[PDB]
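Novice: When you get a sec, could you give me coordinates for this:
(6 chains, ligands or ions: 12)
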Amino acid sequence: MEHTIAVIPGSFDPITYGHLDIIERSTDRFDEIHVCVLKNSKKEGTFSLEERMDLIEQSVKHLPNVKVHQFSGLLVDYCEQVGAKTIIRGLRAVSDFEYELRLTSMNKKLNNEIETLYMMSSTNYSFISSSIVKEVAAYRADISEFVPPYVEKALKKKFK
Amino acid sequence: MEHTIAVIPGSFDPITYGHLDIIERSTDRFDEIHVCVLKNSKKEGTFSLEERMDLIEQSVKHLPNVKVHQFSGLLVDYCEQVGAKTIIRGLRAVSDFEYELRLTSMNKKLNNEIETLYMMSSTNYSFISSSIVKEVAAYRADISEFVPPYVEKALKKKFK
Amino acid sequence: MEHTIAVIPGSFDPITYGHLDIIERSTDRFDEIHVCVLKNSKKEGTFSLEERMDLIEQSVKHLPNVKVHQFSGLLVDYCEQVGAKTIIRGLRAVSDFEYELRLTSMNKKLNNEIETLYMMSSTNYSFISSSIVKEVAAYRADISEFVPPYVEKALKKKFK
Amino acid sequence: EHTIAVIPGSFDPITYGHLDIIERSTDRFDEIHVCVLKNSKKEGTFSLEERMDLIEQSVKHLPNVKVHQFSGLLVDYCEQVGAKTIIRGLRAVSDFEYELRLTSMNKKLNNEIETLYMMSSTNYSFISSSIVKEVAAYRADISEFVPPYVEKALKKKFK
Amino acid sequence: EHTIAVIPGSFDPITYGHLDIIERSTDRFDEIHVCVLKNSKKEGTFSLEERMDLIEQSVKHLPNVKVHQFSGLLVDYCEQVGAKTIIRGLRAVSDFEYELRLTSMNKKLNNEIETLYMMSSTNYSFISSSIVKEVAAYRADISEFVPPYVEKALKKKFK
Amino acid sequence: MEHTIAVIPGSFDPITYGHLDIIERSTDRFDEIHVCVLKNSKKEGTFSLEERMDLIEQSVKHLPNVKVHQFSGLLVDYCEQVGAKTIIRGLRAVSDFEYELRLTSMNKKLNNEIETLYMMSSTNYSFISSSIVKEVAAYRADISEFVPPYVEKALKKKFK
Ligand SMILES: CCc1cc(Sc2ncc(C(=O)O)[nH]2)nc([C@H]2CCCC[C@@H]2C(=O)NCc2ccc(Cl)c(Cl)c2)n1
Ligand SMILES: CCc1cc(Sc2ncc(C(=O)O)[nH]2)nc([C@H]2CCCC[C@@H]2C(=O)NCc2ccc(Cl)c(Cl)c2)n1
Ligand SMILES: CCc1cc(Sc2ncc(C(=O)O)[nH]2)nc([C@H]2CCCC[C@@H]2C(=O)NCc2ccc(Cl)c(Cl)c2)n1
Ligand SMILES: CCc1cc(Sc2ncc(C(=O)O)[nH]2)nc([C@H]2CCCC[C@@H]2C(=O)NCc2ccc(Cl)c(Cl)c2)n1
Ligand SMILES: CCc1cc(Sc2ncc(C(=O)O)[nH]2)nc([C@H]2CCCC[C@@H]2C(=O)NCc2ccc(Cl)c(Cl)c2)n1
Ligand SMILES: CCc1cc(Sc2ncc(C(=O)O)[nH]2)nc([C@H]2CCCC[C@@H]2C(=O)NCc2ccc(Cl)c(Cl)c2)n1
Ligand SMILES: Nc1ncnc2c1ncn2[C@@H]1O[C@H](COP(=O)(O)OP(=O)(O)OP(O)(O)=S)[C@@H](O)[C@H]1O
Ligand SMILES: Nc1ncnc2c1ncn2[C@@H]1O[C@H](COP(=O)(O)OP(=O)(O)OP(O)(O)=S)[C@@H](O)[C@H]1O
Ligand SMILES: Nc1ncnc2c1ncn2[C@@H]1O[C@H](COP(=O)(O)OP(=O)(O)OP(O)(O)=S)[C@@H](O)[C@H]1O
Ligand SMILES: Nc1ncnc2c1ncn2[C@@H]1O[C@H](COP(=O)(O)OP(=O)(O)OP(O)(O)=S)[C@@H](O)[C@H]1O
Ligand SMILES: Nc1ncnc2c1ncn2[C@@H]1O[C@H](COP(=O)(O)OP(=O)(O)OP(O)(O)=S)[C@@H](O)[C@H]1O
Ligand SMILES: Nc1ncnc2c1ncn2[C@@H]1O[C@H](COP(=O)(O)OP(=O)(O)OP(O)(O)=S)[C@@H](O)[C@H]1O
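Specialist: Residues are numbered from 1 along each chain as shown, chains lettered A, B, ... in the order given. Ligands and ions are numbered 1, 2, ... in the order given. See below for the structure:
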């Protein structure tokens, strides 16, 4: 090849094993995995950018090649700047498919050199979303099956 | 990082620009690309195995890293025999999404070392299929927009 | 307006109240409606081309400006030949939507002066198809709510 | 036997997908009838009698599940037997749209039968008879998808 | 009270679509609990109290239906009261995908609760609370869509 | 035929080439086209009613038969006042289809004299929404391919 980077964009509010299975399935497929998050999203999520970045950073410790960045402008500009010709997105459902088809179509208009590549969520994590883990957290049920140790502790302390 | 082979499977009956677009977009992302055809399916169609393979070769000759192969037996065993750790499939529409989700779930049960990735069809080929191209060729309308020139000449011939 | 014609294609095997609904809602919007069927289908359903046209002919007798025709080749060519600028189709479900999208994108590349307009099935006929009416008829249940009196007689005869 | 549920299907052959639906049903009704259409046509792979034999053995261990065949309309088998309820499984959007059409028709055929749907378990969602059989045709392992006695019938048939 | 079924929702307000699901269940279990969530958020249009009142009146002809509020997990409610079945309606593809995600979670949350679905009847497939309110804000006729008691409550609220 | 009016309702926040293509494909099939906007929609967007109205008027001025209006009240009550028997909408994907099915089922109960007709998005406009054109405009990327020039000017101003 050459030297190979893939970007894995997301909100990760918070990161879950669903998101991790995708990053983990990407690690020995590329040289460098950049987990990437949006700055001044203007939405507002349960957790701040910083906490979100640290929750990722602690969850992805056991994988050397994964970095965690933030940005700024267009994601396709990031891939341009930094040497990645490949974006990785997961699919859980028809819903995801539709939303991603319109984004990829726009991105391919913005930068024809970048490709987006999809992976199907695996079976035991396809119903996982952070929205719904956050909901279960609010009722203080056991989330240990859904998110890693660190973000588990960050949601207990958030919902009490 | 290590050598990468991707397998791009299909019946290619015949190959279309839609198929070509997916092969082209993957060439700079893997070291080797195997285009795989199903040796002796019991599901016979317009062109012979051998006609189909030649049409691929002629349409893929401007791409040095693309080889065209035939196999009977399970697809995940072909990948295993040639060391390919990745299958590549295109997605046109929701119906594709669903059928693909089902096949990838079984292929993963068959051999969990092989990962399937997807690319979305380009907006301009999203409606192309072998099926709809053959129908159009049977009323000998013009198909130069839909298949490469070798395939075009073979369609006018077939439906003369 | 001009002298306007609209073409309403299909298999009609047999025509149902579902089809007739679409036809009736169209008849006051164009000077002339053409119900068109493909000749030499090499698809064979249950009723021959001749039977199918007679059924259509008897079911639309009460609308002066509807005509029944057969063709030959490409739908957009019939439209070109007869001076029609509009194809009309019905939509029952997402399944219909996705299929019809693929077909009109192609018809657009074949002749961009023909437009296709869609109508939603009315609520009471959304679940009707020729296929499921045929199955009901095999068990000789009452289909009078699904097909018009003449198609009904043709169906009772066909299935005993 | 105050309540009865019918679980109709081709079952060509039955799989752990079908069987999970049946298992999740047994404790909610007094009696479960698994029904298969007699004098269908277009079969292949297994005959009616083979298909019935395969099901009755895979459900042996569920004391309230009986296997029957019928050649008329489902909704009539139901009124024949006293069942107020049909049970079907959903794996995907395509099943959902298919079943929406069947049940709208079924409701014009007989307004007192209800059809209740259960989502396929996450582990079995990808399973169909069609694809178990592709896999068996390449002599690959299928114990994770069908019960042992169905597995054996499949090896015999695909050598 | 051998068998209980829980029918959960916002019911903001209840409509004939919801009632048709509720009515289609009553003959199938001994006891139906329409439940609603205490301490919600995003609402509007009617308060918890007004909502439970409208339900109560709308189902008073159904001896075995009770309306309850609850503050925890739907799946907690069920175990506590002995309900092993939850019932939900499907109008459309979008409902199917959303509900797949919920059931998959609830099944992790508790494994002895089934969710069973029923298809909307064809006459009520396009009815939602959302769109009924829309049409009542413009003073159109909603009597085809909601029961007479909820009609009056809509008329008042929107003039 | 008699004199025909079609209404094409929308937020148009802003109008895009996607909307316009629809409008243009309708001009030849009806006598008058009223492009209509809701007057005090209480979920405000990026342009006011006044701006949106100006932006349309400029964009459709070559199409003499197209007129811009605003209404307070039901869409079908507007159609009744002006004598329009037809409403026209465009569909880009599955989610448009389902949403539109439910709206039209209701509109048919409110007034069964009005027909809603549907047209598929042309392929190159399939991924365009106002939404995604604004997000791209906020990051100051070229949007001239997505909207006509008058509209391109205003969001250069709005996101400067
Ligand atoms: C497929 C990856 C992706 C995902 C998304 S996400 C989204 N969809 C809708 C909204 C929106 O309306 O804000 N955002 N957005 C995009 C682009 C879509 C087209 C417009 C520009 C978007 C873009 O590049 N935005 C900045 C960004 C920066 C860093 C990260 Cl990590 C991300 Cl995800 C996005 N491509
Ligand atoms: C995503 C690639 C793919 C595509 C398909 S295609 C298809 N799935 C069902 C039917 C059928 O029933 O006829 N056909 N089939 C498969 C496998 C799916 C799981 C069962 C085994 C399938 C398998 O490996 N089959 C042989 C084969 C060999 C070499 C080639 Cl190149 C191909 Cl494509 C297939 N994976
Ligand atoms: C939406 C109207 C329509 C419906 C269909 S229906 C169908 N038949 C087979 C397929 C297929 O293989 O997709 N689709 N086929 C078509 C065309 C799709 C583009 C390829 C050419 C098709 C075409 O023009 N085919 C001849 C024809 C069909 C119907 C009638 Cl009435 C006539 Cl006169 C001629 N457009
Ligand atoms: C909801 C179960 C069901 C299923 C089906 S058919 C199917 N759906 C998926 C597959 C499949 O995957 O093979 N087949 N067909 C029907 C009816 C549809 C309306 C027309 C009458 C049909 C009717 O009553 N037909 C006789 C029948 C069918 C099945 C059995 Cl068991 C019996 Cl005894 C009688 N309702
Ligand atoms: C299928 C019934 C249902 C419906 C919903 S509804 C909804 N609320 C927010 C969202 C969401 O963020 O998705 N979904 N939420 C749920 C649960 C899904 C699993 C996570 C926990 C949810 C849970 O148990 N919530 C409490 C509740 C209690 C009693 C009533 Cl009556 C209701 Cl409606 C909800 N299951
Ligand atoms: C497809 C045309 C259309 C589009 C929409 S849009 C929408 N549906 C839900 C929401 C909502 O909940 O806010 N909005 N709403 C409608 C009607 C659907 C039935 C209820 C009443 C809606 C109606 O007539 N509304 C006023 C209106 C006036 C003038 C214009 Cl131009 C429009 Cl678009 C709408 N039909
Ligand atoms: N359980 C999962 N399995 C596979 N992919 C996932 C999973 N959850 C999320 N993803 C994908 O990971 C990418 C980034 O996810 P997010 O942006 O964090 O999800 P989101 O839509 O912003 O909020 P959620 O996770 O759906 S509530 C998207 O492509 C998601 O579809
Ligand atoms: N126009 C296209 N754009 C992107 N991918 C495509 C396109 N056409 C086909 N593919 C994908 O290429 C892979 C192999 O396609 P084929 O198997 O050869 O097509 P097929 O499904 O057998 O018959 P058709 O008529 O092409 S759908 C599948 O994942 C297809 O969905
Ligand atoms: N019940 C219905 N309501 C509205 N449109 C319909 C209905 N049935 C069929 N149509 C449409 O009429 C056109 C002709 O369909 P056909 O070709 O006759 O039937 P078909 O779809 O090939 O076979 P079936 O059994 O009707 S699915 C297509 O747009 C159909 O989707
Ligand atoms: N894996 C599964 N999980 C849950 N339900 C299922 C599963 N497989 C089948 N079903 C349901 O079982 C009922 C009857 O199944 P079948 O009629 O035998 O469907 P099918 O024809 O076996 O699928 P094939 O491979 O096309 S034959 C239908 O409502 C199915 O959707
Ligand atoms: N017309 C209908 N027919 C059958 N079921 C319905 C109908 N309308 C709503 N439902 C079901 O009612 C259940 C709970 O009621 P709701 O939670 O209020 O639905 P909702 O989507 O949350 O609110 P809506 O969309 O404005 S009705 C949902 O899961 C729906 O599937
Ligand atoms: N690109 C397009 N091509 C064809 N029709 C479209 C397109 N975009 C929107 N429409 C349709 O025209 C009407 C939409 O007007 P609007 O929805 O109010 O604006 P918009 O482009 O959908 O961006 P949104 O509404 O924020 S998603 C609906 O019928 C849309 O489906």
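Novice: So out of everything in chain A, what residue is nearest chain E?
Specialist: Nearest residue of chain A to chain E: residue A:127, at 3.4 Å (Cβ to the nearest Cβ). (Each C-beta comes from the backbone N, C-alpha and C, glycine too.)
Novice: How about the contacts made by the closest residue to that residue other than its chain neighbours?
Specialist: Excluding its sequence neighbours, the residue lying closest to residue A:127 (Cβ to Cβ, 6 or more residues apart in numbering or on different chains) is residue E:104, at 3.4 Å. Residue E:104 sits next to A:126-127, D:119, D:122 when contact means Cβ atoms under 8 Å, 6 or more residues apart in numbering or on different chains.
Novice: Now residue A:109: which helix or strand?
Specialist: Using DSSP states H and E, residue A:109 falls within helix A:94-110.
Novice: and the angle for that helix with helix B:94-110?
Specialist: 110 degrees (axes from the mean of the first three to the mean of the last three Cα atoms, to 10 degrees).
Novice: ok, helix A:94-110 near ligand 7 or not?
Specialist: Yes. Using Cβ under 6 Å from any ligand atom, helix A:94-110 reaches ligand 7 at residue A:96.
Novice: next helix or strand past that helix?
Specialist: Taking DSSP H and E, what comes next after helix A:94-110 is strand A:115-120.
Novice: hmm, that following strand touching ligand 2?
Specialist: No. If you take Cβ under 6 Å from any ligand atom as the test, strand A:115-120 misses ligand 2, and the best it gets is 11.0 Å.
Novice: Which one of the residues in chain A is closest to ligand 3?
Specialist: In chain A, no residue comes nearer to ligand 3 than residue A:101, which is 21.9 Å away by Cβ to the nearest ligand atom.
Novice: in chain A, what residue is nearest chain F?
Specialist: Counting by Cβ to the nearest Cβ, chain A gets nearest chain F through residue A:105, at 3.6 Å.
Novice: Can you tell me the element residue A:18 falls in?
Specialist: Residue A:18 belongs to helix A:17-26, assigned by DSSP H and E.
Novice: so residue A:68, which of the three states?
Specialist: The local conformation at residue A:68, judged by DSSP: H, G, I helix; E, B strand; the rest coil, is strand.
Novice: Would you mind naming the residues that bridge with it?
Specialist: residue A:35 (DSSP bridges).
Novice: if we can go back for a sec, could you confirm whether the helix holding residue A:18 reaches ligand 1?
Specialist: No. Judged by Cβ under 6 Å from any ligand atom, helix A:17-26 makes no contact with ligand 1; its nearest approach is 12.3 Å.
Novice: Using the three-state scheme, assign residue A:47.
Specialist: Residue A:47 - assigned by three-state DSSP - is coil.
Novice: Please apply the same query to the one 3 residues further on.
Specialist: Recorded secondary structure, residue A:50: helix (three-state DSSP).
Novice: ditto for residue A:7
Specialist: Under three-state DSSP, the three-state class of residue A:7 is strand.
Novice: ok, it to ligand 2 distance?
Specialist: 25 Å (Cβ to the nearest ligand atom, to the nearest Å).
Novice: Residue A:55 falls within a strand, correct?
Specialist: No. If the criterion is three-state DSSP, then residue A:55 is helix and not within a strand.
Novice: The closest residue to ligand 1 within chain A pairs with what?
Specialist: Nearest residue of chain A to ligand 1, counting by Cβ to the nearest ligand atom: residue A:9, 3.2 Å away. Following DSSP bridges, residue A:9 is listed with bridge partners residue A:36.
Novice: Now residue A:64, what are its backbone angles?
Specialist: phi -60, psi -40 (degrees, to the nearest 10).
Novice: Pull stretch A:97-115 out as PDB, backbone CA atoms only.
Specialist: Extracted in PDB, the C-alpha atoms of stretch A:97-115 (Å, rounded to 0.1, in the frame of the first residue of the first chain):
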ATOM      1  CA  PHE A  97     -28.700   2.900   6.000                       C
ATOM      2  CA  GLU A  98     -30.900   5.700   4.800                       C
ATOM      3  CA  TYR A  99     -29.300   8.500   6.800                       C
ATOM      4  CA  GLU A 100     -25.800   7.300   5.800                       C
ATOM      5  CA  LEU A 101     -26.600   7.200   2.000                       C
ATOM      6  CA  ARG A 102     -27.500  10.800   2.000                       C
ATOM      7  CA  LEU A 103     -24.400  11.800   3.900                       C
ATOM      8  CA  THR A 104     -22.000   9.700   1.800                       C
ATOM      9  CA  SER A 105     -23.600  11.200  -1.300                       C
ATOM     10  CA  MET A 106     -22.900  14.700  -0.100                       C
ATOM     11  CA  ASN A 107     -19.400  13.900   1.000                       C
ATOM     12  CA  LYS A 108     -18.500  12.300  -2.300                       C
ATOM     13  CA  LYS A 109     -19.600  15.700  -3.800                       C
ATOM     14  CA  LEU A 110     -17.400  17.500  -1.300                       C
ATOM     15  CA  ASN A 111     -14.300  15.300  -1.800                       C
ATOM     16  CA  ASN A 112     -14.400  12.600  -4.400                       C
ATOM     17  CA  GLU A 113     -11.100  11.100  -3.200                       C
ATOM     18  CA  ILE A 114     -12.500  10.000   0.200                       C
ATOM     19  CA  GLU A 115     -14.400   6.800   0.500                       C
END
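Novice: That stretch near ligand 1 at all?
Specialist: Yes. Part of stretch A:97-115 sits near ligand 1 under the criterion Cβ under 6 Å from any ligand atom, namely A:103-104, A:106-107.
Novice: Of those residues, which pair is most distant in space?
Specialist: A:104 and A:106 (7.3 Å; Cβ to Cβ).
Novice: Quick check: residues of chain A near ligand 1?
Specialist: Checking chain A against ligand 1 by Cβ under 6 Å from any ligand atom, the hits are A:9, A:36-38, A:71, A:74-76, A:87, A:89, A:103-104, A:106-107, A:116.
Novice: List just the nearest of those to ligand 11.
Specialist: residue A:103 (25.6 Å).
Novice: circling back: before we go further, the residue of chain A closest to chain E is sitting in a strand, right?
Specialist: No. Counting by three-state DSSP, residue A:127 is not found in a strand; it is coil.
Novice: where's it relative to ligand 9, distance?
Specialist: 32 Å.
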